[PDB]
Amino acid sequence: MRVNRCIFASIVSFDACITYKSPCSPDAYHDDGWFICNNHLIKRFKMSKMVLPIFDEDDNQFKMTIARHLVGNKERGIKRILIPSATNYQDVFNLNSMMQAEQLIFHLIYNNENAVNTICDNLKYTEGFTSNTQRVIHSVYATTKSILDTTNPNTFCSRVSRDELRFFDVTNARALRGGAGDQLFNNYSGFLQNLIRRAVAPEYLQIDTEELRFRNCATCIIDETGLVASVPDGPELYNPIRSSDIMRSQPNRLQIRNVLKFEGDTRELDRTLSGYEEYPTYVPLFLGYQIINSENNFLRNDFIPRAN
Amino acid sequence: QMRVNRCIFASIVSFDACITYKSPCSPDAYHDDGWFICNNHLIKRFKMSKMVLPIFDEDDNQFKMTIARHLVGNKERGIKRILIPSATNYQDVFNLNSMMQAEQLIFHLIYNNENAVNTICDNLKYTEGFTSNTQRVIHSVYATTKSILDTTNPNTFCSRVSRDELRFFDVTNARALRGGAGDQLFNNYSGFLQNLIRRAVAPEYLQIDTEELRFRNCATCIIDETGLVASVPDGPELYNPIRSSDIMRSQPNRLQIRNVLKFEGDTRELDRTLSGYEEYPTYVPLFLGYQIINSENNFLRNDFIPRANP
Amino acid sequence: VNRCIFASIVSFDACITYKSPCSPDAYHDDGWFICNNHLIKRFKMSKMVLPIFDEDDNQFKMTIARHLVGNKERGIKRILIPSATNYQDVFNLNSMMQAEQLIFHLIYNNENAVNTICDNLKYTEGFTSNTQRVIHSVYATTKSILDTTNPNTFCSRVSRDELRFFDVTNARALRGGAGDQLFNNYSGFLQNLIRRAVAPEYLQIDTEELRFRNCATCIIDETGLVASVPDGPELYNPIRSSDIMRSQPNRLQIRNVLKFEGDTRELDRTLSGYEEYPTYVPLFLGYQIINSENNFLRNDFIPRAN
Amino acid sequence: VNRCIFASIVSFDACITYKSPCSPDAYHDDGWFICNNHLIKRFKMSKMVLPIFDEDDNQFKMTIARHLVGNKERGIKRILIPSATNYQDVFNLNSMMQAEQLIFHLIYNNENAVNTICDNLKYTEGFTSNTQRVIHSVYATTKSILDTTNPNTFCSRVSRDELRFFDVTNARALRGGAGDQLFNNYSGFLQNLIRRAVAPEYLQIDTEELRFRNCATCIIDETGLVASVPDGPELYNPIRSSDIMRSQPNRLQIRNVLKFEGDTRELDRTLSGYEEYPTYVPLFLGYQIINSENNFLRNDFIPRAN
Ligand SMILES: [Zn+2]
Ligand SMILES: [Zn+2]
Ligand SMILES: [Zn+2]
Ligand SMILES: [Zn+2]
């Protein structure tokens with residue numbers, strides 16, 4: 001289809017004198033479970049897309065989605081939040097310093113209709129609203145709402161794949177029961193629920209009477225503040241982030257940044273150890289317990305909303 | 001140069017004077033990378049693979065350490081999970097009285113079993129062709145194995161030993177420069193096996209002068225009275241799908257019954273939808289312990305030196 | 001002739017020869033007896049000249065040094081010139097070859113350690129008819145320089161007109177303080193090096209005060225010549241790179257640099273053709289009196305004794 | 001385009017014509033709105049750039065000024081930027097033609113003085129011919145520049161990502177002392193000039209303070225911006241002879257200069273090789289805070305308000 005499925009693809013200048021670009025990277029058109037491109041996922045949710053190739057013992061491999069968070073180990077506070085909750089979202093995000101269209105998209109993502117109406121009224125106060133700004137605002141709102149219904153299981157018809165269950169509190173997942181984490185998860189918007197399911201791979205992957213443990217400890221948490229990149233115990237995971245993923249904005253915003261460096265040649269060591277299969281460090285998002293029922297359609301190509 | 005085979009199991013040669021034998025050591029056997037075992041022999045005997053763990057900083061510099069992924073299935077239990085058996089249970093874990101001679105001699109030397117290797121000599125001496133080839137080949141195997149072990153044994157005459165590194169496997173008191181039960185068991189090991197554990201098992205924490213770099217938030221191996229084992233200090237074992245094809249066929253005649261796992265259903269369309277994204281490997285690396293680098297150190301040194309604990 | 005004190009660093013083993021990296025300033029007959037490269041490497045200071053101008057036409061330059069201590073650094077990492085009772089801790093002499101250790105021991109008058117080095121080198125084979133005369137050359141050169149800067153050496157002409165009080169309270173009263181006592185405790189070469197690196201905050205010449213800075217940037221406490229301000233946080237002193245990277249290339253060290261992000265080139269061009277005010281931290285402390293009749297303008301080092 | 005506020009300065013009577021000797025930098029959009037020549041002549045300050053370096057590769061420049069007040073000068077001779085109350089006393093407006101007086105009165109918001117100058121010139125029998133147009137042109141240019149630098153002008157951009165609290169102390173976090181209110185009383189152009197000339201002692205970039213000087217070399221008091229250290233004797237500032245503008249060629253000079261008698265060429269040529277540490281007195285005072293969200297590296301000067 002070559003259709004931009006990224007939710008943030010509708011960003012546009014509400015004023016009809018400046019034309020705005022479309023930095024959504026190639027993956028935006030790759031119709032997958034994600035409804036956001038890797039560039040926007042990096043810039044707004046501090047996550048990078050990846051695939052988890054689970055293998056069986058003989059031939060057959062199947063790949064799930066996963067994300068690695070880009071939170072530095074030395075960060076603290078609101079800087080560790082990957083996906084803020086509705087309460088703290090307006091504080092974690094600097095919505096004031098963003099294009100009005102992106103703010104509208106964010107307000108819709110968290111079901112803050114009051115903010116959307118405030119933006120609409122503010123834009124009405126301006127001149128030129130009736131002719132062009134109204135049309136562009138309506139187009140952005142329509143696209144965003146359409147994506148949200150696509151990812152919201154509670155929409156007319158909207159077939160929902162209730163074959164497989166997902167929890168974020170393993171304390172009672174094997175009992176089919178949930179914790180507080182999955183309650184907070186249910187509080188989330190459908191689009192954000194799907195995004196969390198895509199980004200946060202389940203630490204356990206019970207399939208028909210078969211448990212597959214992928215990690216021995218979760219790397220993310222679901223707390224009141226939202227989906228956070230803090231280990232459940234001990235110092236934060238060393239996550240060295242370079243300027244590649246950064247893709248910083250505001251070329252005139254002077255920002256200080258404490259960055260570590262390794263002093264030493266390391267070239268002879270690199271040459272000596274080269275040729276081995278490198279083990280990637282990163283930090284995948286592992287948390288919870290996913291149950292795949294005996295009867296199910298789990299290799300379904302087209303995305304279907306998953307409701308617990 | 002790079003024409004000397006550093007793998008300890010390279011010397012394996014049939015003691016009999018007729019049947020030849022060429023050990024299938026991987027090319028990596030020829031690199032002086034601190035490993036004194038090749039990747040294929042590591043897989044065959046210690047059930048581990050050889051990987052490199054690259055650690056980057058925020059700037060344009062990086063450095064690589066060694067790490068290994070064990071090849072123990074989640075369903076395995078008992079003495080099948082043991083990667084590196086201890087000096088006592090090793091003869092019970094390995095089936096030494098099946099892998100003919102030579103390799104058995106190397107294994108006995110690796111665990112400092114003088115009596116067993118002497119018994120091997122006693123049995124071999126009665127052969128008709130002893131003073132012929134047999135004695136030469138046995139002596140050559142012993143010499144090569146002893147040289148390999150001295151290269152790693154820090155308590156060898158004029159054996160330079162690095163001491164800017166401190167490695168622990170107990171963590172609870174590693175911040176206080178003190179190890180524990182796991183470290184005590186580790187010290188009992190042979191020098192070659194101590195180096196092998198240091199190479200294979202990457203530290204959970206890495207503390208350079210003062211900055212602590214945490215690589216994993218939970219150890220994946222353990223050092224218990226039975227040795228270095230691939231059991232987590234938690235509930236069900238990590239799902240490790242053994243690549244059956246990759247693992248050598250060993251004995252074509254021996255009939256082994258293996259209950260393999262099989263995923264069912266078409267998955268090519270899913271791969272097409274998820275083709276292009278960087279794949280996060282599902283291997284199980286060996287993470288455990290705490291490694292400290294003194295402010296004054298020669299960590300980025302090419303030549304291997306035994307890293308004896310202070 | 002190389003006058004850097006650290007010019008004699010060699011290898012006591014006969015095969016490997018090591019000509020210590022010395023800046024071209026080593027050969028100058030300036031008051032310094034150390035080169036800029038070695039001053040940076042060991043005492044973490046960079047040499048500069050402070051020019052003082054009259055009103056119409058006459059400029060005379062005094063010496064000065066800027067320290068290279070980051071504001072974030074704390075503790076024993078702030079001392080530039082350690083005192084003789086703590087230097088073996090601040091300096092990691094153990095990892096400093098042997099000739100450099102000998103020079104450092106001589107600088108601080110640690111004859112015991114020098115003799116220990118002597119014994120250690122006598123035990124080894126190939127010392128008598130080889131390493132001997134090499135350790136001797138190192139010791140002879142080091143002692144020659146130290147007695148050159150030591151005012152008490154025999155028939156050593158010593159200047160006495162000019163006075164230097166690192167405690168400014170009673171300097172106008174012709175008297176030092178605790179810092180000045182600690183300064184007197186130092187070795188002659190170290191006293192000269194301090195008097196060179198650390199410019200005086202005040203300059204009383206012909207009874208005329210010429211206060212240069214309004215606050216000292218260093219302090220002479222027990223630990224030594226500390227690069228610490230005696231008020232509030234430390235001075236922002238960014239040091240970029242490529243000064244001591246000669247450090248053992250296999251020594252893996254972590255460094256917490258502080259980078260600025262954003263395009264500065266438009267702002268740079270906006271204000272480019274302006275005289276730039278340097279952002280280094282000079283070593284200002286104390287009081288210096290010229291004492292009317294004197295020979296301050298003499299182009300040859302003479303030991304200065306308070 | 002001449003941005004200097006004193007650029008207009010045209011003889012009100014159509015007569016012998018002179019152009020103000022504005023320096024080349026008058027044609028730079030550096031945010032000074034004053035040339036170095038006029039800055040020196042009137043506010044006894046010299047322009048300079050303070051480069052702040054990061055640890056790796058980046059450096060951003062910042063404006064600064066060095067005052068030209070001799071240490072011996074006292075009283076109203078030490079004031080660089082007089083307050084709106086004492087300026088008619090500090091400045092000899094009487095001996096400043098008339099266009100300079102007009103500009104200065106506008107700078108200090110003295111519309112009464114402007115009106116009396118205008119009326120005195122109205123009484124001229126040859127007023128409406130040519131003087132009215134030139135007077136109005138000078139007024140228009142001056143008012144336009146002041147509006148450019150006045151944040152309260154109609155729909156005028158005013159950035160508030162950056163906070164400049166003088167007299168630091170309690171002002172560190174977010175406060176502002178008596179000096180801060182005194183500064184607030186100034187005109188927008190004068191506030192911009194002070195903030196351009198007086199670099200901040202501290203610079204907290206959203207978490208990280210960058211102390212640039214131990215003590216302030218200037219102070220904001222009731223008399224105005226003063227070149228006086230709050231620590232005792234004034235800083236030695238050897239203002240040379242030639243660099244001073246020879247405005248009045250007939251005024252009797254009488255100037256007590258300072259001289260350094262003695263040969264100094266040997267020392268100069270002995271130590272010429274070393275990097276020189278400038279002896280100018282910059283203007284350090286206060287505390288500048290940069291918020292996490294900011295446009296500080298953005299050119300196209302915007303008036304900054306507290
Ligand atoms: Zn996008
Ligand atoms: Zn091998
Ligand atoms: Zn030198
Ligand atoms: Zn001008």
# chains A, B, ... in the order shown; residues from 1 in each chain; ligands from 1
>>> interface_residues(of="chain A", to="chain C", cutoff="10 Å", atoms="only C-alpha atoms", output="JSON, numbers by chain")
{"A": [248, 249, 250, 251, 252, 253, 254, 255, 256, 257, 258, 259, 260, 261, 262, 263, 264, 265, 266, 267, 268, 269]}
>>> residues_around(residues="residue 167 in chain A", least_positions_apart="4", cutoff="12 Å", atoms="only C-alpha atoms", output="VMD selection string")
chain A and resid 171 to 186 193 196 to 197 200 to 206 222 286 to 292 306 to 308
>>> residues_near_ligand(ligand="ligand 1", cutoff="10 Å", atoms="only C-alpha atoms and all ligand atoms", output="PyMOL selection string")
chain A and resi 4-11+22-29+35-44
>>> residues_around(residues="residue 100 in chain B", least_positions_apart="3", cutoff="12 Å", atoms="only C-alpha atoms", output="PyMOL selection string")
chain B and resi 12-16+21+95-97+103-107+120+124
>>> write_last_selection(atoms="N, CA and C atoms", output="PDB file, in the first residue's frame")
ATOM      1  N   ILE B  12      45.409 -33.985  20.808  1.00  0.00           N
ATOM      2  CA  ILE B  12      44.748 -35.285  20.762  1.00  0.00           C
ATOM      3  C   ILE B  12      45.209 -36.044  19.526  1.00  0.00           C
ATOM      4  N   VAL B  13      45.836 -37.198  19.744  1.00  0.00           N
ATOM      5  CA  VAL B  13      46.287 -38.064  18.665  1.00  0.00           C
ATOM      6  C   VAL B  13      46.211 -39.498  19.163  1.00  0.00           C
ATOM      7  N   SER B  14      45.812 -40.403  18.276  1.00  0.00           N
ATOM      8  CA  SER B  14      45.661 -41.800  18.663  1.00  0.00           C
ATOM      9  C   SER B  14      46.992 -42.358  19.142  1.00  0.00           C
ATOM     10  N   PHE B  15      46.974 -43.023  20.301  1.00  0.00           N
ATOM     11  CA  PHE B  15      48.203 -43.601  20.831  1.00  0.00           C
ATOM     12  C   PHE B  15      48.635 -44.819  20.028  1.00  0.00           C
ATOM     13  N   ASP B  16      47.686 -45.531  19.427  1.00  0.00           N
ATOM     14  CA  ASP B  16      48.034 -46.650  18.569  1.00  0.00           C
ATOM     15  C   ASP B  16      48.835 -46.159  17.366  1.00  0.00           C
ATOM     16  N   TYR B  21      44.505 -39.557  13.113  1.00  0.00           N
ATOM     17  CA  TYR B  21      43.445 -38.728  13.670  1.00  0.00           C
ATOM     18  C   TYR B  21      43.840 -37.270  13.508  1.00  0.00           C
ATOM     19  N   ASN B  95      32.043 -38.298  30.219  1.00  0.00           N
ATOM     20  CA  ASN B  95      32.188 -39.743  30.059  1.00  0.00           C
ATOM     21  C   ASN B  95      33.613 -40.009  29.581  1.00  0.00           C
ATOM     22  N   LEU B  96      34.554 -39.876  30.517  1.00  0.00           N
ATOM     23  CA  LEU B  96      35.964 -39.983  30.162  1.00  0.00           C
ATOM     24  C   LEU B  96      36.298 -41.365  29.629  1.00  0.00           C
ATOM     25  N   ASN B  97      35.717 -42.412  30.211  1.00  0.00           N
ATOM     26  CA  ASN B  97      35.992 -43.752  29.710  1.00  0.00           C
ATOM     27  C   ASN B  97      35.103 -44.054  28.511  1.00  0.00           C
ATOM     28  N   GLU B 103      42.630 -37.428  24.642  1.00  0.00           N
ATOM     29  CA  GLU B 103      41.670 -36.466  25.172  1.00  0.00           C
ATOM     30  C   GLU B 103      41.413 -36.723  26.650  1.00  0.00           C
ATOM     31  N   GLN B 104      41.351 -37.995  27.038  1.00  0.00           N
ATOM     32  CA  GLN B 104      41.229 -38.334  28.448  1.00  0.00           C
ATOM     33  C   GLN B 104      42.439 -37.847  29.232  1.00  0.00           C
ATOM     34  N   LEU B 105      43.639 -38.005  28.670  1.00  0.00           N
ATOM     35  CA  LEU B 105      44.840 -37.518  29.340  1.00  0.00           C
ATOM     36  C   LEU B 105      44.791 -36.007  29.527  1.00  0.00           C
ATOM     37  N   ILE B 106      44.384 -35.280  28.486  1.00  0.00           N
ATOM     38  CA  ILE B 106      44.283 -33.830  28.592  1.00  0.00           C
ATOM     39  C   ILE B 106      43.276 -33.452  29.665  1.00  0.00           C
ATOM     40  N   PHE B 107      42.131 -34.133  29.691  1.00  0.00           N
ATOM     41  CA  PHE B 107      41.127 -33.830  30.704  1.00  0.00           C
ATOM     42  C   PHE B 107      41.668 -34.083  32.103  1.00  0.00           C
ATOM     43  N   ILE B 120      46.901 -44.023  33.336  1.00  0.00           N
ATOM     44  CA  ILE B 120      46.862 -44.075  31.876  1.00  0.00           C
ATOM     45  C   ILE B 120      48.220 -44.504  31.337  1.00  0.00           C
ATOM     46  N   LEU B 124      49.090 -47.927  29.254  1.00  0.00           N
ATOM     47  CA  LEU B 124      49.632 -47.824  27.904  1.00  0.00           C
ATOM     48  C   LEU B 124      50.984 -48.517  27.787  1.00  0.00           C
TER      49      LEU B 124
END
>>> select_by_dssp(residues="range 209-270 of chain D", states="strand (DSSP E or B)", output="list in words")
residues 209, 219, 220, 221, 224, 225 and 226 of chain D
>>> residues_near_ligand(ligand="ligand 2", cutoff="10 Å", atoms="only C-alpha atoms and all ligand atoms", output="list in words")
residues 5, 6, 7, 8, 9, 10, 11, 12, 23, 24, 25, 26, 27, 28, 29, 30, 36, 37, 38, 39, 40, 41, 42, 43, 44 and 45 of chain B
>>> interface_residues(of="chain C", to="chain D", cutoff="8 Å", atoms="only C-alpha atoms", output="PyMOL selection string")
chain C and resi 28-30+47-61+210-215+217+229+231+233-236+238-241+257-264+266-268+270-272+274-279+297-299
>>> residues_around(residues="residue 108 in chain B", least_positions_apart="5", cutoff="12 Å", atoms="only C-alpha atoms", output="list in words")
residues 9, 87, 88, 90, 91, 94, 96, 97, 101, 102, 103, 113, 114, 115, 116, 117, 118, 119, 120, 121, 142, 145, 146, 149 and 190 of chain B
>>> residues_near_ligand(ligand="ligand 4", cutoff="10 Å", atoms="only C-alpha atoms and all ligand atoms", output="list in words")
residues 2, 3, 4, 5, 6, 7, 8, 9, 19, 20, 21, 22, 23, 24, 25, 26, 27, 33, 34, 35, 36, 37, 38, 39, 40, 41 and 42 of chain D
>>> write_last_selection(atoms="N, CA and C atoms", output="CSV table (one decimal), in the first residue's frame")
chain,number,residue,atom,x,y,z
D,2,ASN,N,24.8,51.1,10.1
D,2,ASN,CA,25.4,51.5,11.3
D,2,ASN,C,24.4,51.3,12.5
D,3,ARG,N,24.7,50.3,13.4
D,3,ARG,CA,23.8,50.1,14.5
D,3,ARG,C,24.1,50.9,15.7
D,4,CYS,N,25.3,51.6,15.7
D,4,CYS,CA,25.7,52.4,16.9
D,4,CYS,C,24.6,53.5,17.1
D,5,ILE,N,24.2,53.6,18.4
D,5,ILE,CA,23.2,54.6,18.7
D,5,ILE,C,23.7,56.0,18.4
D,6,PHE,N,25.0,56.3,18.7
D,6,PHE,CA,25.7,57.6,18.5
D,6,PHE,C,26.0,57.8,17.0
D,7,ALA,N,25.5,56.9,16.1
D,7,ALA,CA,25.9,57.0,14.7
D,7,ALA,C,25.3,58.3,14.1
D,8,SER,N,24.1,58.7,14.5
D,8,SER,CA,23.5,59.9,13.9
D,8,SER,C,24.4,61.1,14.0
D,9,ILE,N,24.6,61.6,15.3
D,9,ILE,CA,25.4,62.7,15.6
D,9,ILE,C,25.6,63.6,14.4
D,19,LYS,N,31.1,63.4,10.2
D,19,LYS,CA,30.5,62.1,10.5
D,19,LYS,C,31.2,61.5,11.7
D,20,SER,N,30.3,61.0,12.6
D,20,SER,CA,30.9,60.4,13.8
D,20,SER,C,31.9,59.3,13.5
D,21,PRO,N,33.0,59.3,14.2
D,21,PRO,CA,34.1,58.4,13.9
D,21,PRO,C,33.8,57.0,14.3
D,22,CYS,N,32.7,56.4,13.9
D,22,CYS,CA,32.3,55.1,14.3
D,22,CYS,C,33.3,54.0,13.7
D,23,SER,N,33.6,53.1,14.6
D,23,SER,CA,34.6,52.0,14.2
D,23,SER,C,33.9,51.1,13.2
D,24,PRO,N,34.7,50.3,12.5
D,24,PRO,CA,34.1,49.3,11.5
D,24,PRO,C,33.0,48.4,12.1
D,25,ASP,N,33.3,48.0,13.4
D,25,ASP,CA,32.3,47.1,14.1
D,25,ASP,C,31.0,47.7,14.3
D,26,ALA,N,30.9,49.0,14.0
D,26,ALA,CA,29.5,49.6,14.0
D,26,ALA,C,28.6,49.0,13.1
D,27,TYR,N,29.1,48.3,12.0
D,27,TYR,CA,28.3,47.7,11.0
D,27,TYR,C,28.1,46.2,11.2
D,33,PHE,N,24.8,47.5,19.6
D,33,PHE,CA,24.1,48.8,19.3
D,33,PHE,C,25.0,50.0,19.6
D,34,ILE,N,26.3,49.7,19.7
D,34,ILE,CA,27.3,50.8,20.0
D,34,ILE,C,28.7,50.3,19.5
D,35,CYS,N,29.4,51.2,18.8
D,35,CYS,CA,30.7,50.9,18.3
D,35,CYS,C,31.8,50.9,19.4
D,36,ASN,N,32.9,50.3,19.2
D,36,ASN,CA,34.0,50.3,20.2
D,36,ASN,C,34.5,51.7,20.4
D,37,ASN,N,34.6,52.5,19.3
D,37,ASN,CA,35.1,53.8,19.5
D,37,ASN,C,34.2,54.6,20.5
D,38,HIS,N,32.9,54.6,20.2
D,38,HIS,CA,32.0,55.4,21.1
D,38,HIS,C,31.9,54.7,22.5
D,39,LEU,N,31.9,53.4,22.6
D,39,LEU,CA,31.9,52.8,23.9
D,39,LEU,C,33.1,53.2,24.7
D,40,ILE,N,34.3,53.3,24.1
D,40,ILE,CA,35.5,53.8,24.8
D,40,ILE,C,35.3,55.2,25.1
D,41,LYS,N,34.9,56.0,24.2
D,41,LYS,CA,34.8,57.5,24.4
D,41,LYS,C,33.9,57.9,25.5
D,42,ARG,N,32.7,57.3,25.5
D,42,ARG,CA,31.6,57.7,26.4
D,42,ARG,C,31.5,56.8,27.7
>>> select_by_dssp(residues="range 68-303 of chain D", states="alpha helix (DSSP H)", output="PyMOL selection string")
chain D and resi 87-90+99-107+111-122+132-149+178-184+188-197+265-270
>>> closest_residue(among="B:48, B:257, B:293, B:181", to="chain C", atoms="only C-alpha atoms")
B:293
>>> atom_distance(atom1="CA of residue 57 in chain B", atom2="CA of residue 292 in chain B")
17.6 Å
>>> closest_residue(among="C:95, C:192, C:17, C:85", to="chain B", atoms="only C-alpha atoms")
C:95
>>> interface_residues(of="chain B", to="chain D", cutoff="12 Å", atoms="only C-alpha atoms", output="number ranges by chain")
B: 58-60
>>> write_last_selection(atoms="N, CA, C and O atoms", output="tab-separated table (two decimals), in the first residue's frame")
chain	number	residue	atom	x	y	z
B	58	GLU	N	29.88	7.00	25.15
B	58	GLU	CA	29.10	7.97	24.38
B	58	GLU	C	29.88	8.53	23.20
B	58	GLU	O	29.27	8.95	22.21
B	59	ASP	N	31.21	8.55	23.27
B	59	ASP	CA	32.04	9.10	22.21
B	59	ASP	C	32.34	8.00	21.19
B	59	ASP	O	31.69	6.94	21.18
B	60	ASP	N	33.31	8.23	20.31
B	60	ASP	CA	33.61	7.34	19.20
B	60	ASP	C	34.68	6.30	19.54
B	60	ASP	O	35.47	5.92	18.67
>>> closest_residue(among="B:161, B:110, B:261, B:141", to="chain A", atoms="only C-alpha atoms")
B:261
>>> interface_residues(of="chain B", to="chain A", cutoff="8 Å", atoms="only C-alpha atoms", output="PyMOL selection string")
chain B and resi 31-33+50-59+61-66+213-218+220+232+234+236-239+241-245+260-267+269-271+273-274+277-282+300-302
>>> residues_around(residues="residue 166 in chain C", least_positions_apart="2", cutoff="7 Å", atoms="only C-alpha atoms", output="PyMOL selection string")
chain C and resi 164+168+176+179-180+285-287
>>> write_last_selection(atoms="N, CA, C and O atoms", output="PDB file, in the first residue's frame")
ATOM      1  N   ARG C 164      58.618  37.868  49.038  1.00  0.00           N
ATOM      2  CA  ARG C 164      57.421  37.185  48.553  1.00  0.00           C
ATOM      3  C   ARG C 164      56.706  36.564  49.743  1.00  0.00           C
ATOM      4  O   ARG C 164      57.206  35.602  50.337  1.00  0.00           O
ATOM      5  N   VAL C 168      48.790  37.445  52.440  1.00  0.00           N
ATOM      6  CA  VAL C 168      48.704  38.873  52.137  1.00  0.00           C
ATOM      7  C   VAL C 168      48.285  39.720  53.324  1.00  0.00           C
ATOM      8  O   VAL C 168      48.411  40.949  53.265  1.00  0.00           O
ATOM      9  N   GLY C 176      55.151  37.166  56.810  1.00  0.00           N
ATOM     10  CA  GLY C 176      54.291  36.153  56.241  1.00  0.00           C
ATOM     11  C   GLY C 176      53.372  35.526  57.273  1.00  0.00           C
ATOM     12  O   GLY C 176      53.189  36.028  58.384  1.00  0.00           O
ATOM     13  N   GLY C 179      50.975  29.941  55.576  1.00  0.00           N
ATOM     14  CA  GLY C 179      51.312  29.555  54.217  1.00  0.00           C
ATOM     15  C   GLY C 179      52.763  29.842  53.887  1.00  0.00           C
ATOM     16  O   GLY C 179      53.425  29.051  53.213  1.00  0.00           O
ATOM     17  N   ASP C 180      53.281  30.973  54.369  1.00  0.00           N
ATOM     18  CA  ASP C 180      54.678  31.308  54.122  1.00  0.00           C
ATOM     19  C   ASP C 180      55.622  30.366  54.857  1.00  0.00           C
ATOM     20  O   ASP C 180      56.691  30.034  54.335  1.00  0.00           O
ATOM     21  N   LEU C 285      48.402  34.553  43.883  1.00  0.00           N
ATOM     22  CA  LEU C 285      48.351  34.436  45.331  1.00  0.00           C
ATOM     23  C   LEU C 285      49.508  35.209  45.936  1.00  0.00           C
ATOM     24  O   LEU C 285      50.623  35.173  45.412  1.00  0.00           O
ATOM     25  N   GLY C 286      49.241  35.886  47.041  1.00  0.00           N
ATOM     26  CA  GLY C 286      50.288  36.461  47.850  1.00  0.00           C
ATOM     27  C   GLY C 286      50.615  37.900  47.511  1.00  0.00           C
ATOM     28  O   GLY C 286      49.815  38.658  46.960  1.00  0.00           O
ATOM     29  N   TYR C 287      51.845  38.268  47.855  1.00  0.00           N
ATOM     30  CA  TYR C 287      52.327  39.636  47.810  1.00  0.00           C
ATOM     31  C   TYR C 287      53.805  39.613  47.463  1.00  0.00           C
ATOM     32  O   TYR C 287      54.539  38.741  47.932  1.00  0.00           O
TER      33      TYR C 287
END
